[PDB]
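Note sheet for the following structure.
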Amino acid sequence: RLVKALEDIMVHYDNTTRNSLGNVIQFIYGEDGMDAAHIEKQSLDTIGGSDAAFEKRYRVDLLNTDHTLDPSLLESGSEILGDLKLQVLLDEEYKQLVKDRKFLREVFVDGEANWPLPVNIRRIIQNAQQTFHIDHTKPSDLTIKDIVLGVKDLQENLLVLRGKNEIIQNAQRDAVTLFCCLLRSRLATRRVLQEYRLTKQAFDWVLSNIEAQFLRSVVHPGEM
Amino acid sequence: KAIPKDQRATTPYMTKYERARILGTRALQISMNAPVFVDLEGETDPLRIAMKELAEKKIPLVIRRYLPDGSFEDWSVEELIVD
Amino acid sequence: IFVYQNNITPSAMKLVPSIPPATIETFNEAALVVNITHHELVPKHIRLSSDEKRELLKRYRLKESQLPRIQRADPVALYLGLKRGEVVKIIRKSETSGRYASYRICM
Amino acid sequence: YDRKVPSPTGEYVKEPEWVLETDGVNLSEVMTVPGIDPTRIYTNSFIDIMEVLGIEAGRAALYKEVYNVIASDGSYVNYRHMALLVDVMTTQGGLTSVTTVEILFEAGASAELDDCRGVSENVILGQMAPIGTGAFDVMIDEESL
Amino acid sequence: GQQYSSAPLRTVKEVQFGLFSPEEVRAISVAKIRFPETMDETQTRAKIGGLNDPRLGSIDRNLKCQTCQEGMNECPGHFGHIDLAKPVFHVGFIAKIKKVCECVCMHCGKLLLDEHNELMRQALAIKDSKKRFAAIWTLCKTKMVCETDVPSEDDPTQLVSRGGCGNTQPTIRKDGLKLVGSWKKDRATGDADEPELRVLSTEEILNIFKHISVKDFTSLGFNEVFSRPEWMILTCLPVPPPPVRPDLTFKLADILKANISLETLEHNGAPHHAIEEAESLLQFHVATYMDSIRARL
Amino acid sequence: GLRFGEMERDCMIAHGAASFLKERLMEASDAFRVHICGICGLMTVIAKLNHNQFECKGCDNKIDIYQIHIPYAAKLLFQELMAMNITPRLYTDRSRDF
Ligand SMILES: [Zn+2]
Ligand SMILES: [Zn+2]
Ligand SMILES: [Zn+2]
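Going down the list, the protein sequences come from chains A, B, C, D, E and F. Counting from 1 along the first sequence, just add 839 to a position and that's the residue number in the entry's author numbering. Counting from 1 along the second sequence, just add 71 to a position and that's the residue number in the entry's author numbering. Counting from 1 along the third sequence, just add 108 to a position and that's the residue number in the entry's author numbering. So the fourth sequence is residues 1287 to 1385, 1405 to 1450, counted in the entry's author numbering. So the fifth sequence is residues 3 to 248, 261 to 305, 324 to 329, counted in the entry's author numbering. Counting from 1 along the sixth sequence, just add 1126 to a position and that's the residue number in the entry's author numbering.
Structure representation (structure tokens):
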């Protein structure tokens, strides 16, 4: 009986899910436009943890000698101590990590951090680390702006809906919110330099891959 | 009721279903002695030919995608990204 | 809006749709002792302007009958005083996208 | 019961709470009892959930009844499949259950318009069904060199 | 059929169901089918301009109809017609015809309940046209009068007028292929006991249906273009070509024997009751014809 | 067993295999061809293929016409339904006059 009731629902090339009448059952399939074969359980890091621990891991304060990026992390490290306009960006990234954590604690009241999402970022990073033979003993040549603005730009290309109007834009941004929290938590500045140690070249490859993989997770029109 | 080439809002990636149906329509025609567009660097098997065709982007076909309300977009095989 | 303590009469309640355009809504008090739109399972329902609605339809390219429905006497619809033909946007939390919006049109 | 809740320093902790559980249901009235939290009251009767709190809150109850069934056996099915079901059950605004010549006569008199998207109708007509591989048309690319 | 057609070729994307009005049936006919015979002009075992070739099909090998030619094989079949001396019910809809009858006033043809009622304004709102008919019929089957004045929503000291008439309504019963009305004046007080049974001729039903408002029959699930109520009553009857018949001719024969002799009676002047009984054999043979065409397969 | 029933069909729908589903559930009952008025979708069209004349007597129309191919069973099925005063009208277009 369930097969007879659902048999006609299909995904359409607008990404909507509809019955044989064309009625809308869902405005995007699964609320996220993904195929469930391309989704894996990942932990959303912002959500858990004490407030002290979250601010050791993610806060970069370039105006403070205790709380900046050690210069062994980064080639620019000496030169960014006390720099005021980088610290504006980095404040903006932290404010976004902070909101992220609050948002997610309202979504997941319980605190459950592990949830299926597309694009297994940890395994892309571990690959980048093998593939670029990455020495944990050398500052990286990544810059602050490379990270910060590179991660913002990537979000603009994780596309599930493509319509030029506002409405479709909002839908697009709502579709990709939770993946974008996972993303900003994983590629935040202090993690990229201090935990992952990426180079520029590795980091650039991490991104372009997250993007290809994300795009290949989108469900295909026509699926029943 | 047709949607101009610009302004197209559906994916630029080919879907598994389009891919399957392409390869298979083209191998049907290869199988009935239709002219081939690609170098047979050995292959005798029509599906396999077809796929080399798809890979060299030499399959001159167009996918007409209907939207639920009757309107449609035309995407050429050439242009669809194959991932 | 008129709130009453335990009933109205078969023929009182007949005086209600009665002075168009001006509408009249009745509530038992007990239904109001608790605010149901504060309950965790009830997500945020937002009445769209008739413009909003025009836009919604144009961008999905839908007819009105292709939208999901909410009935006139749905509790939340009573609570927001919706009228037939009006659309709410429902914005819900979602374990797969975090946020998701859907829409129902009143019947 | 244990309830995971953020602690003053930010990490999640257990905090036990007493909870009551009943045989029988009267949601509209028990909701109103002084001393309870009316925002977190529940019942496994998703019909009553829809009658008092509305279609959306019914949808979410219904999902959570179906999920419970599936998980109580110990298995795990991705969200979207049970989401789809539950949407189909609640898109007309209520909870709708999912469980020949004669009929064509009725079609006649009603002026039934068959959309022709199903697999049987397409079979009778000698066609493919606009599903999957049939949900687009393939055409000869006269625009190419 | 390996021969060529300049008519562009396409798949079917929509099927639209309805009924054939008698206009459209006369409209796409070739032949008027009147004699009920195959072959022998007096006595020539060859072909007759009356049933069988009068422009529809052909066994014969002859790549011939009415300048549409092609083989006894790539010919669709063409469609015949037979004008019917009297209206008869379509057997398939007797029970529908009976329920419409129960929702409409049987003198003016106007819906027994309307906007002013309310239990009926909820039934009118229903979207599914099957559940809507269902629901309005449930509210009207009861209604034994065609009101004139009715309490309005508003300040009920006052009444308000509707399309009126005031006539009492039968209680209708099914007695095979005949519908039977029974009128009263009350439910047994003073003023009038003993109903007045009386059969509902096709004739009058068909006439009441033709008087029902587009608004009103739409409200009942019918459609102004594809399906009007009146088309449930046959007046003009489609004659399939020989592709359809593999012994259904033996039965349309017998229709015409009956159509021929209902007309030769109406012609002769002839008693009320003979005309009626010939009317009823017409009906039975038209009904037998289709309840036989439940041969689909 | 050794069949292809309701459940098998459903699996093939899930995979999206429409061509397979059409091949397997067809008739070999041949694809008969037929002309169809585009106004009244009926198989009423008189097709003079040799002098190239196509008319709907009744829709008064010789421009809007199509060809279709359908199983013979279906061409019967439909003429059966016309015999019973039901119109099963085949249109080539979905979205209409509007
Ligand atoms: Zn012919
Ligand atoms: Zn009347
Ligand atoms: Zn026509």
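For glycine and all other residues, C-beta sits at the position ideal for the given N, C-alpha and C.
Close Cβ partners of residue i (< 7 Å) along its chain, the five nearest in sequence each way excluded
i: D1190 (chain F); result: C1163, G1164, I1165
i: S917 (chain A); result: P910
i: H906 (chain A); result: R898, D900
i: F224 (chain E); result: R230, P231
i: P117 (chain B); result: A98, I101, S102
i: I963 (chain A); result: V1045, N1048, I1049
Residue-chain proximity (residue i, chain D), Cβ-Cβ < 8 Å
i: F224 (chain E); result: yes
i: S221 (chain E); result: no
i: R169 (chain C); result: no
i: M1208 (chain F); result: no
i: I120 (chain B); result: no
i: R164 (chain E); result: no
i: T96 (chain B); result: yes
Cβ neighbours of residue i in the same chain (closer than 8 Å, five flanking residues each side left out)
i: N169 (chain E); result: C107, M108, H109, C110, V147, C148
i: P197 (chain E); result: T173, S184, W185, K186
i: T970 (chain A); result: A1041, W1044
i: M873 (chain A); result: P957, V999, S1056, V1057, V1058
Interface flag, residue i vs chain E, CB-CB below 8 Å
i: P1197 (chain F); result: no
i: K166 (chain C); result: no
i: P125 (chain C); result: yes
Cutoff 6 Å; reference residue i; Cβ partners in own chain excluding five residues on either side
i: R898 (chain A); result: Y933
i: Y208 (chain C); result: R200, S202
i: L1313 (chain D); result: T1329, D1334, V1338
i: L202 (chain E); result: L181, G183
i: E89 (chain B); result: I134
C-beta neighbour in chain F for residue i, strict 8 Å
i: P242 (chain E); result: yes
i: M1063 (chain A); result: yes
i: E870 (chain A); result: no
i: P231 (chain E); result: no
i: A1369 (chain D); result: no
Buried versus exposed, by CB contacts within 10 Å (16 or more), residue i
i: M1133 (chain F); result: exposed
i: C1137 (chain F); result: exposed
i: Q124 (chain E); result: exposed
i: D157 (chain E); result: exposed
i: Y1362 (chain D); result: exposed
i: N996 (chain A); result: exposed
i: residue 256 (chain E); result: Residue 256 (chain E) cannot be located in this model; chain E continues from 248 straight on to 261.
i: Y6 (chain E); result: exposed
i: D1323 (chain D); result: exposed
i: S1383 (chain D); result: exposed
i: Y1287 (chain D); result: exposed
i: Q18 (chain E); result: buried
i: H146 (chain C); result: exposed
i: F1130 (chain F); result: exposed
is_contact[residue i, chain B] using C-beta, thresh 8 Å
i: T1438 (chain D); result: yes
i: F1410 (chain D); result: no
i: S1155 (chain F); result: no
i: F1441 (chain D); result: yes
Chain A contact for residue i (CB, 8 Å cutoff)
i: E1297 (chain D); result: yes
Residue-chain proximity (residue i, chain C), Cβ-Cβ < 8 Å
i: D116 (chain E); result: no
i: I963 (chain A); result: no
i: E26 (chain E); result: no
i: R1289 (chain D); result: no
Chain A contacts from the segment 189-209 of chain C (Cβ-Cβ distance under 9 Å): For the segment 189-209 of chain C, the set of positions with a beta-carbon nearer than 9 Å to some beta-carbon of chain A reads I199, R200, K201, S202, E203, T204, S205, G206, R207, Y208, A209 in chain order.
Continuous beta strand (DSSP E) assignments of at least 3 residues falling wholly in the segment 53-139 of chain E: 82-91, all fully within the segment 53-139 of chain E.
Complete runs of the beta strand (DSSP E) confined to the segment 1137-1211 of chain F [at least 3 residues]: Inside the segment 1137-1211 of chain F, DSSP marks whole beta strand (DSSP E) runs of 3 or more residues at positions 1157-1163, 1172-1174, 1179-1181, 1191-1197, from first to last along the chain.
Interface positions of the segment 1136-1148 of chain F facing chain A (Cβ-Cβ less than 7 Å), listed along the chain: Residues passing the 7 Å Cβ filter: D1136, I1139, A1140, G1142.
Segments of 3+ residues assigned as beta strand (DSSP E) that fall wholly inside the segment 935-989 of chain A: Along the length of the segment 935-989 of chain A, whole beta strand (DSSP E) runs at least 3 residues long occupy 953-957, reported in chain order.
Minimum length 3: unbroken beta strand (DSSP E) runs contained in the segment 862-891 of chain A: If we require 3 residues or more, the beta strand (DSSP E) runs fully inside the segment 862-891 of chain A come out as 863-865, 878-882.
Length-filtered (4 minimum) alpha helix (DSSP H) runs lying within the segment 83-107 of chain B: Segments of the alpha helix (DSSP H) lying fully in the segment 83-107 of chain B: 87-102.
Unbroken stretches of the alpha helix (DSSP H), 4 residues or longer, contained in the segment 1406-1445 of chain D: Here the runs fully enclosed are 1406-1415, 1424-1429.
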